[PDB]
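Trainee: Give me a model of this one.
(chains A, B, C, D, E, F, G and H, ligands or ions: 3)
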Amino acid sequence: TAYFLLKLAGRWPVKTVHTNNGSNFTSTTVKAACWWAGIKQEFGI
Amino acid sequence: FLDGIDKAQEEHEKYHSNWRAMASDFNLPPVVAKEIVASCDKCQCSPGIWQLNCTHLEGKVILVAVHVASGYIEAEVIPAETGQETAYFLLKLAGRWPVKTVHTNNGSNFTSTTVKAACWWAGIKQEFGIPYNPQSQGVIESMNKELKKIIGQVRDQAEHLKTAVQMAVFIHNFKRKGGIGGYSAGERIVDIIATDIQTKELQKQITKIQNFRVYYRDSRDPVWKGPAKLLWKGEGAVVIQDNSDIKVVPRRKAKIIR
Amino acid sequence: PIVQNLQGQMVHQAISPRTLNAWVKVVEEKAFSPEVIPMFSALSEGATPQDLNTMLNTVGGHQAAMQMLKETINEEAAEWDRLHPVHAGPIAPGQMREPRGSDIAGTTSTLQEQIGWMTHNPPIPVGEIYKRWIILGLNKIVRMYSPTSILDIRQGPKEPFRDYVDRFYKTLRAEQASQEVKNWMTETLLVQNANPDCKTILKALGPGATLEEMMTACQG
Amino acid sequence: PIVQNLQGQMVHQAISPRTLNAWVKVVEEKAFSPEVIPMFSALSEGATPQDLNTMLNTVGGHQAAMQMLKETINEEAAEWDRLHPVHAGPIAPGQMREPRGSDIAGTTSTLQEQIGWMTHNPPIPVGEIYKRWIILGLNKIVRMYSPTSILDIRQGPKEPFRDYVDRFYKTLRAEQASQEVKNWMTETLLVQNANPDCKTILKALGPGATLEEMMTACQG
Amino acid sequence: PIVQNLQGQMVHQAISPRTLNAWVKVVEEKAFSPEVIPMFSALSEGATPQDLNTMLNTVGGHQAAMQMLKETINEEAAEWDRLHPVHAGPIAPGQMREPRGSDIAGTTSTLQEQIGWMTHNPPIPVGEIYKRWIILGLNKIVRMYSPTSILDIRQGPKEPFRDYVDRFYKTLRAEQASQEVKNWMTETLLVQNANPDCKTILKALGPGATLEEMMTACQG
Amino acid sequence: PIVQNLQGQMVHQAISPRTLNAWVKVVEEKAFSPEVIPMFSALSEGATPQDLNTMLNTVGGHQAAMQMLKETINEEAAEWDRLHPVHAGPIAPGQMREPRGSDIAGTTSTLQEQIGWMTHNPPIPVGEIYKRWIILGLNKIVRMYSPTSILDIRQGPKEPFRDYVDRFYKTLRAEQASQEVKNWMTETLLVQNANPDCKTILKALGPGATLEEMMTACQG
Amino acid sequence: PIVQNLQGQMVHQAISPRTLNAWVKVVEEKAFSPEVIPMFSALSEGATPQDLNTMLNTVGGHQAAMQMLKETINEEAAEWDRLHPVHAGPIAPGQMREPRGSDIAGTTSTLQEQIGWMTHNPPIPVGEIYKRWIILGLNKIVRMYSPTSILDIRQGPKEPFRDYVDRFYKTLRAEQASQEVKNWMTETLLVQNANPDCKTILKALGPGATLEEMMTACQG
Amino acid sequence: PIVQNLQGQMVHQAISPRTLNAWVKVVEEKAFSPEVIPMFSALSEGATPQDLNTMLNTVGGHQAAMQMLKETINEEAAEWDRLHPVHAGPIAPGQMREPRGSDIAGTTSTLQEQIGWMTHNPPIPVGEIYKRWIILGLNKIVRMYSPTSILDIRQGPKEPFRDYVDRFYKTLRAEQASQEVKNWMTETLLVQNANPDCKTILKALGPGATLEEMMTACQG
Ligand SMILES: O=P(O)(O)O[C@H]1[C@H](OP(=O)(O)O)[C@@H](OP(=O)(O)O)[C@H](OP(=O)(O)O)[C@@H](OP(=O)(O)O)[C@H]1OP(=O)(O)O
Ligand SMILES: O=P(O)(O)O[C@H]1[C@H](OP(=O)(O)O)[C@@H](OP(=O)(O)O)[C@H](OP(=O)(O)O)[C@@H](OP(=O)(O)O)[C@H]1OP(=O)(O)O
Ligand SMILES: [Zn+2]
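Mentor: Numbers count the residues shown, from 1 in each chain, chains lettered A, B, ... in the order given. Ligands and ions are numbered 1, 2, ... in the order given. Take a look at the structure below.
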């Protein structure tokens, strides 16, 4: 999931992602990648 | 400067980009960007750089100089391939535009003693080889081939080669609108020179600042730390650097010693 | 190296280029880690001390390790010389005295001397002593190259415990200690740095709970 | 390893670097899939236990499985010691005494002792016992790394049955159970977890029909 | 595997890791196509049934094919048992009895039995029988793997006949039948299912024409 | 492949996997071109017809050419049968009759017959005849696979003469014709199918010359 | 190729695929650079003219150089035929007449003729003569394929002397002439075609100075 | 190279292509450094001067160093001619004559007389002398290719001590001098150019301190 997130960041500029409280979406790798890319996180849609 | 120093430090730790990029992105003086870049263990002026090229047309040699930051064009045909005429053109463009570094390519006429003396008199550092900018290599040749395309088109409506070439370069400089922004090359080059003047005013304002050893206090702690090098004072706060760390402290928590 | 022939006496041959190429490439691609300690031995069976030095000298970079192992080789040579005193007097024809501290390192001995010593009766395990000195040097160099201790490992707030215990064991192996210390740290340290849910599950399991039940309990 | 000489007798030899390099790379590259179990027996035939240990210690990472197999080897050695009493008394040369729980693993036995055991009459397949202990350790490692059980595989509404049966058998080979239970589950689950058309074809074919006719008739 | 020694008797040899790696990669990567059937006989010449079993079970994925092959091996073992009755009585001195159904598969016989059988006088080509059973399994699995038959292949009007005749030959060689039936197919269907323009051109040319003039007739 | 022992007899051996793997890889990546014709002759020295047919059947794709060469082999075998006197009746002890049409192709004759024929006194070069038949088949196949003729190639206005003459000789080498007409055509139209400037330069150089001068003048 | 036999009679040896693969890859990889001249002579030591022709025909593309070398081979074979007197008189069994111009090239001569010439006493250096002919052909090909002269190399004012001397020697080796002229040019053009500062430094150093002295002095 | 048969004699063999390929690729991919000195010495063991010069000439790039080492080879040949007396007059038949400066360089000695020199009684190690000449030339080349001197080494304010000591020892190895001055430098110079904190730390440590204590105390 973090790999796909960083790939889509590399292919398109994303500043905010809306996901649920899933473990995969909140995983350590995903959080590290999104904080490294400077992308804001919003949980709950 | 509204907490932009921390953002610049994070961006340089994650990317290690050019100092001017951080200065422009976060609206910061170049000094803090340079010191942030120097803080990086793995890391160590676009205006004023021109590129010169030679071409053959109608059995005659034409020399064209083009800027890198703005792409302003100057061109002239030379009756005979001699270093004296190239030196004359170099000194004329030095006396017409502010030139700091003349970049060229390999050439017998570029290595003449006359051009070396001319550039030494003007104090302009000259070199040839790989372009200084890692990008925009193709810009020079694309502009040259656009000029070559337009000179043949406008030749039929002119009586002399030199007049046609100068009219074509005038059209390219002024009467040819680009893409992003959509204005003349003269407008972008004058904007670049104006921003250079403003940055030099900022540089002299920083030159007004000097050693001015300053002690600082953080979070109302009973201890006073220092000394720290003064970087800037304004808006009721002072930004300083020490031990490769740059921070902004309110004036009420700092003292300045001459 | 020196290997046996087909129903014949031991003979010497040059080191195969494949072996040294594999050694140097695995040294350069992989940092100094415990797993290289046995591999080197598998690549140094029946090798003369001169061949060992030749293989050692081909390593590129990390010259601090080379200096450390050279110093340890020198000190072990001095220890061998002082414990086994240098006997004096002429040697009978057809025999040579025991290798010295400089002889085991190969700096003052030719290949012919190594061949004569290896096949001598009684056999002289000079190459084996040099190999064990290199093993001690590798142990201390992998102690040096380990950047983290074992008491400062903590599982993340929701990090999976699989790679956590994996790296815990990996760092534990690179630690020079005693068997009882290892038993104590594998009994106590791992449970004190785990996520609350399955760490309290482990505390419910009590002492002696082997890692299979602990990993099947911490699932999910 | 132990390789027979050209029209001669069995002689000891060291493990070739190519074989161990291929083994370690194929182990570390993809995963701990069950297919490592056969390939292991294709690379460790007629090999002394110390070479098995050398091949074992070269694994990069995955130390939890290493601890698992070490503990299982220790407990199996204890079981072997407790079931087989120690034969004391004077021991004739050439035919050494019974190996202990540490001698079978090779942690204390030397190369000469292992060669003597290999050449001892009656034969001592201690290396084979260690190999089968490693096989059991690999089986429980596969159990550790099994993604899921077999009791939850369901064919997709439009997924072709080929991939379904392929992954069903892939999971089945990793299961640990008796042969009769495996036959029962491969007879039942396949027909109970299929698409409506494939399962109606199956029930039209009736019981006792092998998978061949099943997946040649369910085609389309 | 099994290779005769120069100026000596046949001796057992360990399996080359490169051969196994090449076999498994070529099986897994390309396809289940007929051309792998001869390649198998290139990599299985003179090998014990255990070697064939190890080569077979090391493949990753396509476990349905492996199950089908195992079932066909079991049924061929039953066929061998029924055609050759189980001979009772004492074992002849130095002459082990003929392999049983479970013995040819190698699941119940140790390697020494096959080693003795291979060198026994008269020789027992049980490994060749197992290889032929594996060949039959490969033939049936490559038959079922073919997605299309030869009676329904049609040529599109908007592509050259090159790839059409190519795929026609692919499907022709992927089907198992008598040689005369294949000759009849390659004599009739090659022209009965072509593009109309090429069909009329070949009818004008008349029967009994080679494929070279057929392809050079209506190029483009 | 079958090989002769030094100062000894002729012993049959299996084809090494390296040769077959290299052959199949070079066939796959280097789709039929003239330079592949020598390659086969470099990889078939001292090989039995069974080995030739095995390495022939391992090819993947382009089976139309394979069927063409199979048909040419069959017709050449028929020609050999109808031309060479076919002997029957009694056969002298210790000798066997010459291989027939089916025997040279290897479809019916067993490997032992080929081994006996190769070591026979006088030896039978059946394998070499099969190899030359395959060579003729490959020649006609590469003639078929010609992208275009040789009299239609031209030189572009922005095309240097270097790659022009390169492709000219590449297409010319793919022509199966007499050497005299080849020399005649390579001396006249090689300039007639070029760019006018270097054409007139060569014409001013004189009608016909050494091509080194004609390429040095045409430089730039 | 022709390999000497251990205290016996030499016999023909098959060509290893490794040499062919390496030759073709190194030929296709970089260029027709002078470094291929020694490499070729390393891959064709003691090879028959048939082996040399087989190696020659393996190359792919760049057929113009092939035509150059074929024409040079033809002309030098004609020269050899015209200079060497034609053999006369009966040819005794076990001996053969002097190879023709076509036989040395290996186009028509068979391997048996080459073996007979090799075993003839005294041996005929036909292979060596053909190899040196190929060497001359490659030398002239490299001469053609050099897109620069020796007198046009210029050193930039800020260009380091390192790559200047490097390219100077590259062009010196690319140029073929007498050794005295090479010495004269490497002694004169080096100082005469440098930057003014290092030019005056070399003039101060005086004539006949070793290149190490000038390269150490020009630093900076 | 000259190799010994298994319980046989010394015979000549052709150079394996893989050895020279590995040599040239490791030369072209790795910049000149002292560690290439052992790598060259471990591959050319027991090699005739012909193999030495073929390996030397196949190197592509940095031909200035090649010319420098050729010049040093010529001067060493002159030294050999001038210090070792030239045995004037025709030596009696049956004994190989004294090798000349060109003979040791391999520029005039063919393989036959090289082998004769190898087998002469007493043995003439001309190959070893040429190898040591090449070693001296390569030492001079690596001295030339040293990026910087040793007295200008300075640890940066933010430069880690590990990298500083690694590069210090790298340049120390790159320095050509006696062992005594090497010890003096490694005992005095390194502490002088360190960061102030570790400088004061090492000053507190005092003399007679091993580098391990220094590196452990300098951390942080
Ligand atoms: O030289 P390359 O073209 O890269 O081919 C090599 C070479 O094999 P060959 O000499 O048969 O071509 C290697 O052999 P060494 O040079 O190490 O002696 C071999 O390594 P192994 O023989 O040890 O397996 C390696 O294989 P790999 O890339 O798997 O390490 C293989 O490469 P290719 O498999 O791509 O031909
Ligand atoms: O099997 P062959 O065709 O005779 O070639 C072998 C093979 O090398 P490749 O698999 O790369 O061809 C051997 O490797 P193994 O099969 O034993 O693993 C290798 O042995 P080493 O790995 O010890 O080098 C041996 O070389 P040697 O005869 O020097 O032992 C070499 O033979 P060639 O060198 O003649 O090709
Ligand atoms: Zn940086």
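Trainee: In chain A, which residue is most central in space?
Mentor: By C-alpha atoms, centre = their mean, chain A has its centre lying nearest to residue A:34, at 4.7 Å.
Trainee: give me phi/psi at it?
Mentor: Phi and psi for residue A:34, reported as degrees, to the nearest 10, are phi -70, psi -30.
Trainee: Now do the SS call for the nearest residue to it once chain neighbours are set aside.
Mentor: Spatial nearest neighbour of residue A:34, excluding adjacent residues (C-beta to C-beta, 6 or more residues apart in numbering or on different chains): residue A:41 at 6.0 Å. All C-beta spots, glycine's among them, are computed from the backbone N, C-alpha and C. Using DSSP: H, G, I helix; E, B strand; the rest coil, the structure places residue A:41 in strand.
Trainee: Spit out the contact partners of the residue nearest to the centre of chain A.
Mentor: Residues near residue A:34 by C-beta atoms under 8 Å, 6 or more residues apart in numbering or on different chains: A:5, A:17, A:41.
Trainee: Is it possible to get CSV of those residues that adds neighbour count?
Mentor: Rendered in CSV, the data for those read as follows (neighbours: other C-beta atoms under 10 Å in any protein chain shown):
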residue, neighbour count
A:5, 19
A:17, 16
A:41, 14
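Trainee: And for residue 28, the neighbour number?
Mentor: Picking chain A for this. Per other C-beta atoms under 10 Å in any protein chain shown, the neighbour tally for residue A:28 reads 13.
Trainee: Chain C was what I was after
Mentor: 12.
Trainee: Same check on the one 10 residues further on?
Mentor: Summarising burial for residue C:38: neighbours were counted as other C-beta under 10 Å, giving 18.
Trainee: Now the terminal residues of stretch C:27-47, how far apart.
Mentor: End-to-end span of stretch C:27-47 (C-alpha to C-alpha, to the nearest Å): 19 Å.
Trainee: try stretch A:24-44
Mentor: Across stretch A:24-44, first to last residue, C-alpha to C-alpha, it's 15 Å.
Trainee: For chain A, which segments are assigned as strands?
Mentor: A:16-19, A:40-43 (DSSP state E).
Trainee: who touches the last one?
Mentor: Residues outside strand A:40-43 that contact it (C-beta under 8 Å, 6+ apart): A:15, A:16, A:17, A:18, A:19, A:20, A:21, A:26, A:31, A:34.
Trainee: Kindly tell me how buried the residue nearest to residue A:39 when sequence neighbours are not counted is, as a neighbour count.
Mentor: Spatial nearest neighbour of residue A:39, excluding adjacent residues (C-beta to C-beta, 6+ apart): residue A:14 at 5.7 Å. Neighbourhood size, residue A:14 [other C-beta under 10 Å]: 13.
Trainee: For the residue sitting nearest the centre point of chain C, I want the exact helix or strand it lies within.
Mentor: Centroid check for chain C by C-alpha atoms, centre = their mean gives residue C:37 as the closest residue, at 3.4 Å. Secondary structure assignment for residue C:37, by DSSP states H and E: helix C:36-42.
Trainee: Do that helix and chain D come into contact?
Mentor: Yes - using C-beta under 8 Å from any C-beta of the partner chain, helix C:36-42 reaches chain D at C:37, C:38, C:39, C:41, C:42.
Trainee: buried sites along that helix?
Mentor: C:36, C:37, C:38, C:39, C:40, C:41, C:42 (16 or more other C-beta atoms under 10 Å in any protein chain shown).
Trainee: Now flag whichever of those is closest to chain A.
Mentor: residue C:36 (28.7 Å; C-beta to the nearest C-beta).
Trainee: tell me the contacts of that closest one?
Mentor: C:26, C:27, C:30, C:138, C:142.
Trainee: and the last one, how far is that from ligand 3?
Mentor: Residue C:142 is 32 Å from ligand 3, where distance means C-beta to the ion, to the nearest Å.
Trainee: wait, isn't that residue in contact with residue C:40?
Mentor: No - using C-beta atoms under 8 Å, residue C:142 is not in contact with residue C:40, being 11.2 Å away.
Trainee: quick one: which of the buried residues of helix C:36-42 is nearest residue D:156?
Mentor: Minimum distance to residue D:156 across those is 45.8 Å, recorded for residue C:39 (C-beta to C-beta).
Trainee: residue contacts, that closest one?
Mentor: C:26, D:20, D:58.
Trainee: give me the number of residues near the first one?
Mentor: Going back to what we said before, that points to residue C:26. Residue C:26 has 18 nearby residues by other C-beta under 10 Å.
Trainee: and if you look at residue C:160?
Mentor: 15.
Trainee: residues contacting the nearest residue to residue C:76 once chain neighbours are set aside?
Mentor: Closest residue to residue C:76 apart from its sequence neighbours, by C-beta to C-beta, 6+ apart: residue C:133 at 4.7 Å. Residues in contact with residue C:133 (C-beta under 8 Å, 6+ apart) are C:72, C:73, C:76, C:104.
Trainee: Distance of the residue nearest to residue A:39 relative to chain H?
Mentor: 35 Å (C-beta to the nearest C-beta, to the nearest Å).
Trainee: and the gap between that residue and residue B:85?
Mentor: Counting by C-beta to C-beta, to the nearest Å, the gap from residue A:14 to residue B:85 is 55 Å.
Trainee: Repeat that for residue C:10.
Mentor: 83 Å.
Trainee: Check residue C:110 too.
Mentor: Where residue B:85 is concerned, residue C:110 sits at a distance of 74 Å (C-beta to C-beta).
Trainee: Same question for residue C:40.
Mentor: Residue C:40 is 70 Å from residue B:85, by C-beta to C-beta.
Trainee: Over to residue A:13?
Mentor: For residue A:13 relative to residue B:85 (C-beta to C-beta), the value is 50 Å.
Trainee: and chain C, which residues reach ligand 2?
Mentor: C:16, C:18 (C-beta under 6 Å from any ligand atom).
Trainee: that older thread, with the contacts of residue C:133 in mind, which one is nearest to residue D:186?
Mentor: Taking the contacts of residue C:133 together and measuring to residue D:186 by C-beta to C-beta, the closest member is residue C:72, at 60.2 Å.
Trainee: Got phi/psi on that closest one?
Mentor: Main-chain torsions, residue C:72, degrees, to the nearest 10: phi -70, psi -40.
Trainee: Any idea how many residues pack against it?
Mentor: Residue C:72 has 20 nearby residues by other C-beta under 10 Å.
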